[PDB]
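A single chain, nothing else alongside it, follows as structure tokens in the form deposited in one PDB entry.
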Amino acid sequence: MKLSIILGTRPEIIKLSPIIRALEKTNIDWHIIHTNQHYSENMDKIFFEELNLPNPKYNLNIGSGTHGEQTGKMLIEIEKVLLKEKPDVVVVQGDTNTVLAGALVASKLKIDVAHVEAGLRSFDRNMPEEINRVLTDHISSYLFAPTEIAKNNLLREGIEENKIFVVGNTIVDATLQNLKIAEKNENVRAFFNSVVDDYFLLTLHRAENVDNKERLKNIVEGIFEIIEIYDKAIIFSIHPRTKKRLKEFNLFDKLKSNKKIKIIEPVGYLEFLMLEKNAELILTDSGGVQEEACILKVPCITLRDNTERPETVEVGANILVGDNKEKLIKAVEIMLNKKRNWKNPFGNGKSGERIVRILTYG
């Protein structure tokens, strides 16, 4: 009858864009509820613009806070909307606090929850993302798993097979809908040329990496060392959480002092795809960037002790180095010489359309 998409953050907007593209080709009555978990223009507005997405019908203006504060406000405010609008399906993507809050509200209202990117596991169930995803999976009526590994994760937790659909990851659709747009846009090319030929691309924002000063210090030390050993320039797109933490721990001024590191504010998706595509290698703790690196055939080094997309490591596209600078140094050598051929485990880029078809039929 009626579908509500609930989203809050940069990666959700990007990964829901192919679902929105598919919904636009149907007669389905649907709208977006934005929690405004993310609110800075370069974390939010820019994606609605570049991805040609409609304005949310509801903006809850929750923003930042501690987990209980933020999630609690979300339960209160999302419920007010769902009690009024009464959709019969709620769609949430991924593993943010917005996802959990949307699913929890819907489940108690007896509204079917469709979870896009279901079944991913790092088995670091101490991570807030792992908590969010596990809990959401257990109250979902449709579990859209990106891979057979994810499906098997769900089966091992006793979830009924008829709820699970292996549809690929919508990030393939997004990277495939937008890379050629980025490549053929003169403004995007001009941005790229203003910022950049040999470089490593870095993003870092996991709570467990940037909220912990000695882990953050270790990673910064590691980056300084990569630069000296390999004589490589680094382009660092800096998440606002990470900027705040770097300043809190007095590490920010040391990065800006390093003339081989170019620090840039968060950029739009088209701009970022260009930075990824052209990087000699990608260093990250982002979930989506691990996937994009794999899709774009650019070697990835993941600054985490584990990942919830192990298929990237399994196919040879990615290597985990955590906090450890020696592991990081060795990984750079390995990946610098790595042939950029590997399988893509995440599907053929029509996941959004498949998800909408499944929800249409039920």
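Residue indices: 1-based, along the sequence shown.
Size class of the missing deposited segment between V196 and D197: Missing residues, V196 to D197: 1 to 3.
Greater mean Cα temperature factor according to the PDB record, 304-312 or 32-40: Taking the mean B-factor of the alpha carbons in each, 304-312 is higher.
327-335 or 53-61, whichever carries the higher mean Cα B-factor: On average, C-alpha B-factors are higher across 327-335.
Options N218, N97, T170, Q93 - largest CA temperature factor per the record: Comparing C-alpha B-factors across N218, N97, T170, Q93, the maximum falls on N218.
Maximum C-alpha temperature factor, selected from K256, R156, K163, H239: Top of the list by C-alpha B-factor: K256.
Third of the chain, ranked by Cα B-factor, where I229 sits: As the PDB entry reports it, the C-alpha B-factor of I229 lands in the highest third of its chain.
CA B-factor ranking of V116, expressed as a third of its chain: Answer is lowest: the recorded C-alpha B-factor places it there.
Relative C-alpha B-factor of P345, binned into the chain's lowest, middle or highest third: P345: CA B-factor falls in the highest third of its chain.
CA B-factor placement of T203, once the chain's modelled residues are sorted into thirds: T203: CA B-factor falls in the middle third of its chain.
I355 - Cα temperature factor, lowest/middle/highest third of chain: Ranked within chain, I355 CA B lands in the lowest tercile.
Another form exists, deposited in another entry; not displayed. Remarks below refer to it.
Hinge of the chain between the shown form and the other one, where one rigid part gives way to the other, from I301, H239, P345, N97: Only one option sits at the hinge, namely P345.
Closer or farther in that other deposited form: C-alpha pair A182, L53 (3 angstroms or more): Closer together, by at least 3 Å.
Sense of CA distance change between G287 and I139 in that other deposited form, threshold 3 Å: Farther, not closer.
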